[PDB]
Structure formats: C-alpha cells, structure tokens
Amino acid sequence: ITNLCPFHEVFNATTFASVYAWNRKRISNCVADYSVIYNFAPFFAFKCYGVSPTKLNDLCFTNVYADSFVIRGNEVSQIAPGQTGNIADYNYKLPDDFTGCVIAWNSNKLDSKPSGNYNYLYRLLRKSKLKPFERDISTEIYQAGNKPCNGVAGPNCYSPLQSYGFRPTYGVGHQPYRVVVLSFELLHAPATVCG
Amino acid sequence: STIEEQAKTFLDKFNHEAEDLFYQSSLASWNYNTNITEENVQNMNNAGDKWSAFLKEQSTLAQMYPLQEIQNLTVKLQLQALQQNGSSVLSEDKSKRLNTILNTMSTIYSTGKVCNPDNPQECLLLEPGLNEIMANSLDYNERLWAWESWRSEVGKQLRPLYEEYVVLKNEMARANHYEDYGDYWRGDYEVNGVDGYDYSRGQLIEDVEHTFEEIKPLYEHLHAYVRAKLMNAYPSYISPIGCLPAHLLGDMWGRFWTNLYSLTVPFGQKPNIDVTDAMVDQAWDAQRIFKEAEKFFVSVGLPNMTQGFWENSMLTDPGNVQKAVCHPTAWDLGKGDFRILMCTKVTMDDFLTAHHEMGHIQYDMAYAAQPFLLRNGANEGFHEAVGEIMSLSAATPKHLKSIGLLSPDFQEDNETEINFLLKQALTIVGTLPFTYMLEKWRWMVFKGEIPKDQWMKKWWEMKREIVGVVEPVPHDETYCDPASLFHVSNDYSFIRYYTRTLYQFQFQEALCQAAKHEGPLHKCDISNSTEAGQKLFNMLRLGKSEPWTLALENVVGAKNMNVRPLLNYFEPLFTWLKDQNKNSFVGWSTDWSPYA
Ligand SMILES: *[C@@H]1O[C@H](CO)[C@@H](O[C@@H]2O[C@H](CO)[C@@H](O[C@@H]3O[C@H](CO)[C@@H](O)[C@H](O)[C@@H]3O)[C@H](O)[C@H]2NC(C)=O)[C@H](O)[C@H]1NC(C)=O
Ligand SMILES: *[C@@H]1O[C@H](CO)[C@@H](O)[C@H](O)[C@H]1NC(C)=O
Ligand SMILES: *[C@@H]1O[C@H](CO)[C@@H](O)[C@H](O)[C@H]1NC(C)=O
Ligand SMILES: *[C@@H]1O[C@H](CO)[C@@H](O)[C@H](O)[C@H]1NC(C)=O
Ligand SMILES: *[C@@H]1O[C@H](CO)[C@@H](O)[C@H](O)[C@H]1NC(C)=O
Ligand SMILES: *[C@@H]1O[C@H](CO)[C@@H](O)[C@H](O)[C@H]1NC(C)=O
Ligand SMILES: [Zn+2]
C-alpha cells in the first residue's frame with residue numbers, strides 16, 4: 001500500500017493540550033484505515049453522526065481534521081451536535097451539521113498524578129458563545145462587574161481559565177478522558193483520502 | 001449586568017475551587033485516620049488550615065452582594081451559607097479567649113480522671129473503665145460513687161468555664177442577627193422566602209413541645225415498667241411513686257437505657273435473634289458482608305457501589321503494624337470518591353452498621369450533582385435518619401430469612417416481637433425525654449430565662465418533672481451537671497437526635513405504605529419494592545436545594561414532623577405495657593428523693 005494516514009500521530013500523542021486550545025491537525029493525501037483505530041484501546045464513546053461506522057472506509061473525503069483534547073467524564077456528552085454545556089459553549093463547539101465520529105477513551109493512567117494534573121485547563125467565563133470550530137487562547141480578566149478590571153484579578157475580576165485536577169483516586173465521571181474528534185469535510189478538489 | 005449574574009459567576013468560581021481544596025483536605029484526613037503518623041498529621045493540619053483560610057477569604061468576599069437582590073431560590077441559599085460570617089465577628093481578644101475556653105473544656109472532658117476512694121493506685125478516665133462499670137456493674141454504692149465523683153470532677157471544674165462560654169457565645173449571637181445562641185442553632189431548621197413551605201426559628205420550640213406532649217404516655221408506661229423491674233433488681237433503693245434514681249438508669253448521663261435490657265427482659269426463656277453463629281458457620285467475611293448490604297440498595301432501586309469505592313475503602317481491620325481509628329465513618333471526599341472507614345468483623349451489629357454507612361453513601365451519591373455548598377442533608381437529622389431506616393429494615397426477620405442467615409424452620413411469636421420492640425424502645429423512646437430536657441435547659445440558659453444562681457436547681461427540677469429522674473446525692477450550684485455530657489462539653493447541638501428519631505419513623509411509615517406492607521410496622525422490609533426506593537431517591541437527590549419542609553412533604557406527605565408514625569410503630573409494646581402495668585402505678589411523683 002502506498003500510504004497510511006497518521007492515525008498513530010493524532011492518537012498516542014502523549015499530550016493532548018487542553019480543551020480551550022484544542023489541537024487542529026489536518027489529515028489528507030493518505031489512505032484512512034480504521035482497523036488500527038479499532039485495534040487501539042477500547043472506547044468509552046465511539047459515536048458516528050455524519051459518516052456511518054460501516055461506511056467509514058467506503059466514503060472518501062478531501063480533508064480530515066482531528067481535534068485532540070482532555071475533558072472530564074461528564075463533559076464527554078457535551079461534545080455532540082445540539083448539546084449545550086460549559087465545555088460546549090465556552091471551549092469547543094461541534095457544528096450543527098457535523099459529520100464524523102467522536103472517539104473517547106479513559107486516560108486515568110497517564111493524565112492523573114497523585115500531586116495533581118493542574119496543567120490541563122478549561123474556560124468557564126466568556127462574553128459570548130463560541131461559533132463552531134473556533135479556538136480562543138487569550139486570557140482577559142473577566143469583567144462581570146460594572147468597573148474595568150485593568151488586567152488584574154480581584155472583586156468581580158476572575159481569570160477565565162480554570163484547571164482540572166486529575167488524581168488516580170477520582171471517580172469515573174471526573175477521571176480524565178482523552179477525546180479525539182474526527183471531522184470529515186467534502187471540498188471542490190480530488191479527495192485523495194480513500195479507505 | 002445585574003448582581004444576580006455577578007453573584008452567579010462568583011458562585012461558579014467558588015464551587016470549582018472549593019471542590020479541589022475540599023478534596024485535598026478530605027484525602028489528608030482520610031490518610032491520617034487510616035495510617036496515624038507524624039507526617040500524616042502534618043499534611044492534615046496543612047490541608048485543614050488551607051481550607052479554613054480559603055473559606056474565610058471567600059466568606060469575606062461574598063458579603064458584597066446584598067441578599068435582597070438575589071431571587072434565584074438557590075443562589076440566595078448559597079450566598080446565605082457563605083455570608084454566615086464564619087469569620088469571627090468578635091474582637092481579637094474575645095476570639096482568642098473563646099478558643100481558649102473551648103480548648104480548656106475539651107481538655108478537661110477528655111483528661112478528666114476519677115481516682116479510687118482513698119486509694120491512689122488507679123485514676124480512671126471516663127471512657128475506658130468508668131463507662132463499663134456504670135454499664136454492667138450491679139453495685140448501687142459503686143454506681144452512686146462513680147456518678148457523684150464524675151460530677152464533682154468535671155462539672156465543678158467547668159462551671160465557671162461554662163458560664164464564660166455562655167456569656168461569650170451569647171455575645172457572638174448578639175453580634176450576629178440571631179437573638180441568642182439557641183436561635184443560632186435553630187437557624188438550621190429555618191426556611192425563608194418559599195411561601196406555603198416556610199418555617200420559623202421559634203416554630204421548632206412549639207413543634208418539639210407538641211411532639212413530646214404526644215409521646216408522654218408511652219414514656220410514662222415504659223417508665224412504670226422499668227421502675228418495677230429496677231425495684232425487683234434493687235429492693236430498697238427504688239420507690240414506687242418516686243422517680244428513678246439517676247445512676248441506675250444505665251449510663252453516666254441517662255441518655256440511653258440499652259444497658260437495662262438484661263434487667264428488664266420480658267421473657268428470659270426466649271432467646272434474642274442473633275446471626276453471629278450462623279455467619280460463622282457459613283464462613284462470611286467483611287467484604288461479602290458489605291456486598292450483601294449492597295444487594296439491598298440494588299434491590300430497592302438505588303445505584304450500586306463504585307469500583308473506586310471497593311478499591312480504596314478499607315472495610316477490614318488491617319491489624320498488626322498498621323494503626324488506625326476504628327470508629328465507622330462514610331466519607332464523601334468529593335469529585336466522585338466515596339469510602340468507608342470501618343474495622344468490620346463478622347457480627348450482626350457490624351452488619352447493621354455497614355448497612356447504615358452504605359445508606360450514608362447512597363445519600364452522598366444522590367446529592368452529588370448539586371453545588372458544593374448545597375451538598376449536604378436538608379437538615380441535620382435527615383442524614384442519620386436515612387441511615388437508620390436502612391438499619392431498621394436490615395434487621396427484620398423477613399430480610400434475614402430472605403438472605404438465608406435464619407433457617408426456614410424458625411417462626412416469630414408474640415414474645416420475640418415484644419422483646420425486640422422493648423429493646424428498641426429502651427434504645428429510642430428513652431433518649432427522647434433526655435434530649436428534650438437537655439435542649440430545653442440549654443435554650444433557656446442561652447435566652448437568659450434560667451438565672452446563673454438557679455442553673456442547676458432548674459436543671460434538676462426540670463429533669464425530675466420531665467425525664468422522671470431524681471438525683472441520688474443532692475448537688476448545689478458548684479456542680480455543673482450538664483457539663484459532664486460530651487455534646488455539652490464540646491458544644492454540639494443535641495436536638496438533631498430528637499428530629500432524627502421522629503424522621504426515621506415517618507420515613508419508615510411512608511416507605512412501608514409504598515411497599516404495601518400489611519401488618520405491624522416492625523416486620524416491614526423495603527428490599528424488593530422499587531416504589532419505596534424511588535420515593536426515597538426523590539428526597540435523596542435534592543440535597544439542600546429545596547427546603548427540608550418540601551423534602552419531607554415529598555417523602556411522607558406532610559410538611560411537619562409527626563410522632564404518629566413512632567406511636568404506630570410501638571403500638572404493640574404500648575398494649576403490652578398497658579397489660580403489664582395494671583398492678584403498677586403509672587406516673588411519677590416529684591417529691592421523693594433518695595436523700596432525706
Ligand atoms: C437559578 O440558576 C440556575 C443556573 O445557575 C438555574 O439552573 C438550571 O440548570 C439546568 C442545568 O441542568 C439548566 O438546564 C440545561 O438546559 C439546557 C438547555 O435546554 C440543556 O441543554 C441542558 O442539558 C440542561 O438541561 C437550566 O436551564 C437552568 N435554568 C435556568 C433558568 O437557567 C436555575 O433553574 C435557576 N433557578 C431559578 C429559575 O430561579
Ligand atoms: C458579617 O460581618 C461583616 C463585618 O465584618 C458585615 O459587614 C456583614 O454584613 C456580616 N454578615 C452578616 C450576615 O452578619
Ligand atoms: C453494578 O454496577 C455495574 C457498573 O459498575 C453495573 O454493570 C451492574 O449492572 C450493577 N448491578 C449489578 C447487579 O451488578
Ligand atoms: C503509613 O505511612 C508511612 C509514610 O508516612 C508509610 O511509610 C507506611 O508504610 C504507612 N503504613 C504503615 C502501616 O505505617
Ligand atoms: C427479592 O427478590 C429475590 C429474587 O430472587 C428473592 O429471592 C427474594 O426472596 C425477594 N425478597 C423478598 C423479601 O421478597
Ligand atoms: C399470642 O398470644 C395469645 C394470647 O395469649 C396466645 O394464645 C398465643 O398462643 C400467643 N402466640 C405466641 C405463643 O406467640
Ligand atoms: Zn450513621
């Protein structure tokens with residue numbers, strides 16, 4: 001076979017950044033084989049909206065986008081079409097007509113430390129809801145109050161970013177879950193991606 | 001924007017930080033309790049100080065928002081909880097001396113030692129030896145000596161300390177909006193803003209008084225029976241018309257009459273139901289004891305335990321090198337972690353206690369979704385009430401036979417039911433007059449109705465009138481009789497036990513109607529009824545979000561506590577007591593006393 005898609009790069013990256021700054025990786029000009037995806041760890045949630053699970057290999061697309069991030073157990077449901085929640089509206093929004101499969105698996109072994117995995121962050125304060133497929137990384141002190149914050153923290157002035165803490169003893173639903181969202185798009189060009 | 005949205009964002013930030021900090025503190029405390037060592041103590045102290053500082057800072061911050069502008073019937077309660085001023089409003093010297101008084105009272109209660117009369121060989125602490133002597137020894141003189149010596153040992157020492165304590169706590173309450181410290185304690189039962197479900201702080205006084213007025217006949221008949229039995233046991237000391245002497249009640253303070261089951265047993269021939277030998281023959285261990293307890297909650301429709309719970313929880317005594325505390329406790333550490341710290345052995349009491357603790361954890365799991373501040377029971381009583389209903393249902397002979405510990409051959413007679421009901425009566429009904437009396441005395445002292453020069457006189461007069469207990473050796477104002485009790489010494493509210501005692505039987509009546517039981521309430525098992533489980537889960541999920549009045553309405557169909565379920569529970573014993581008390585005087589006379 002000429003080419004195989006870098007599925008072992010989007011998965012097994014050993015660091016998925018955070019949901020507020022999600023990795024946007026472009027997959028193109030390769031043969032997409034989902035056999036290795038199935039051969040990876042058992043998936044807590046493997047739901048396909050636009051592309052049928054059976055026809056994943058059959059259908060061909062011009063470009064493939066995979067978004068990798070780490071979210072809590074209960075936040076997995078918010079990553080879906082038509083679902084509203086803190087993560088969905090302020091971190092990452094799947095479009096209304098999203099086509100692809102949401103792939104999630106448990107990462108308590110790697111992403112949890114007894115000291116605490118404060119590195120991962122999420123956003124819980126923002127002025128307006130995010131449009132689909134948008135990235136925001138700039139930290140402006142949230143001005144919920146009537147007075148300008150002047151770029152410092154204090155009364156009615158909170159930093160939008162907040163940290164997940166991941167520990168081995170956490171229960172399922174708060175354990176860190178690794179989610180890589182496969183986005184398939186058709187463009188006015190040769191597909192060059194066939195399974 | 002509006003302050004309501006500002007308060008909402010503040011609450012979100014506070015919740016998300018407080019969850020992590022509380023988890024750190026809870027994990028430190030769990031580590032200390034499971035494995036006692038200097039490093040663990042240091043970590044727990046650090047975590048506790050950090051959490052206390054964070055709570056103080058957030059409480060100071062939250063005072064910006066006036067509660068008048070908050071409408072959401074949830075943000076208002078969270079902001080009220082934060083604005084309760086855990087930050088000591090008192091002056092620095094006043095706070096330091098209040099902490100000193102609390103520490104001194106705790107130290108005196110814990111290190112109070114009683115020495116033998118004119119014998120310096122041993123000076124006994126209260127808990128290890130003196131309590132056992134009071135519980136099991138049948139010597140009138142020894143019991144009287146133990147009681148009087150403990151009173152003179154602790155109450156005389158703590159009387160000026162208790163006076164300074166009441167003065168300082170009254171000053172703290174006056175600084176706050178509450179009328180007195182009794183009002184501060186009753187504020188937990190208060191409900192404001194929800195018309196048609198509201199409650200008043202003073203309304204608790206009327207409800208408790210009316211409930212005791214309803215209870216009084218049963219307590220009088222049980223008192224007559226116990227008086228007759230204790231007269232048979234001790235011939236000269238007990239009078240027929242007089243009240244019972246204090247030291248013969250069964251414990252140091254008379255709180256519990258469980259020690260009197262041997263002396264007041266209805267039928268000696270009939271053996272009590274106990275499954276220790278059966279469990280040993282079937283070769284059980286603590287893990288499967290807890291599994292059998294879990295199957296009950298699975299049957300009632302509630303969820304089952306977490307794999308993390310099974311992995312982290314220590315249900316078996318480590319023994320040997322490991323050092324740990326063996327007081328049972330159910331821990332909701334936070335963020336989905338639930339554990340039990342229990343040195344469980346193969347005994348029926350341990351099995352029932354395991355049921356009680358897993359009831360605690362089911363409550364904690366149910367209210368997990370709600371915000372951190374509201375992640376508690378609706379009032380102080382519901383949490384142990386939910387534990388106790390499961391404990392009661394677990395011990396039923398129907399449940400025992402369904403599990404298979406009890407043989408199919410056995411059937412229960414009148415005598416077994418009477419014995420079981422009378423044992424649970426001495427456990428449950430007896431403590432209600434004592435709790436009522438202690439809370440009435442303490443509330444009156446806080447309000448100032450009882451003068452300092454008449455503290456103990458009014459205390460013993462009200463005990464003689466209400467609890468029907470007479471002091472063996474007369475005590476002047478130097479003694480401080482209430483100071484001996486643990487809750488009085490360490491400043492714990494005591495009306496929680498009365499409320500729990502009523503609530504558990506209201507819950508049991510409601511869930512037995514849900515399970516469609518026919519017959520006496522005592523032989524009621526809610527195991528396989530999924531209606532009762534759902535009816536309970538309705539309240540369990542609410543937490544503190546809805547008022548406790550609404551939670552109680554949801555479960556039992558009433559907005560107020562009623563003792564009718566308790567009287568329906570003990571009706572068979574009430575009839576048996578009528579029958580046995582035909583030749584015994586009912587009621588007690590105050591005038592008689594052991595002295596003069
Ligand atoms: C007081 O404010 C709180 C918010 O701080 C209100 O909470 C309610 O919370 C639930 C969370 O489950 C919200 O429900 C959600 O609705 C979306 C939209 O349909 C749905 O996608 C989610 O799955 C979820 O069901 C609910 O909207 C929210 N209510 C309001 C009015 O925002 C609480 O109700 C407020 N209490 C009042 C009315 O005073
Ligand atoms: C707590 O004390 C502060 C003063 O330190 C006061 O401004 C605040 O209103 C008090 N809160 C309540 C509800 O007592
Ligand atoms: C217990 O919980 C597990 C999930 O942890 C679930 O699969 C199971 O059905 C539950 N009940 C029983 C009877 O095992
Ligand atoms: C308790 O904790 C210490 C660390 O402080 C550890 O070395 C020890 O193995 C633990 N267990 C016991 C039984 O001491
Ligand atoms: C509950 O259901 C189980 C189902 O096997 C049955 O064995 C058990 O006897 C039932 N218990 C009661 C008290 O009806
Ligand atoms: C219950 O009491 C009745 C009336 O004395 C008696 O005839 C009956 O046998 C009793 N049942 C037993 C022995 O439990
Ligand atoms: Zn309990």
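The first residue you see is number 1, and the count goes up from there.
We read in the header that electron microscopy, 2.8 Å was used to get this structure.
Each residue, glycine too, has its Cβ placed from N, Cα and C.
Per Swiss-Prot, these features apply:
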type     : residues      : note
DISULFID : A:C5-A:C30    : disulfide bond
CARBOHYD : A:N12         : N-linked glycosylation site
DISULFID : A:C48-A:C101  : disulfide bond
DISULFID : A:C60-A:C194  : disulfide bond
DISULFID : A:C149-A:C157 : disulfide bond
Local Cβ density at the residue listed as 'N-linked glycosylation site' - other Cβ atoms counted within 10 Å: 10
A:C101 (disulfide bond) and A:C60 (disulfide bond), Cα-Cα, nearest whole angstrom: 14
Those disulfide-bonded residues listed as A:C5, A:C60, A:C157, and which of them has the most Cβ atoms within 10 Å of its own Cβ: A:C5
Disulfide-bonded residues: A:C48, A:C101, A:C149, A:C194 - member with fewest neighbouring CB atoms within 10 Å: A:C194
Minimum Cα separation from A:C5 (disulfide bond), reported as the residue among recorded positions A:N12, A:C101, A:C149, A:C157, A:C194 that achieves it: A:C194
Distance, A:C149 (disulfide bond) to A:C30 (disulfide bond) (CA atoms, angstrom): 49
Conformational class of A:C157 (disulfide bond) under the three-state DSSP mapping: strand
Between the residue listed as 'N-linked glycosylation site' and A:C101 (disulfide bond), the C-alpha gap once rounded to whole angstrom: 18
Around the Cβ of A:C30 (disulfide bond), the count of other Cβ atoms that are within 10 Å: 16
Inter-residue Cα distance where the pair is A:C149 (disulfide bond) and A:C101 (disulfide bond), in Å: 41
Minimum Cα separation from A:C48 (disulfide bond), reported as the residue among disulfide-bonded residues A:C149, A:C157, A:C194 that achieves it: A:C194
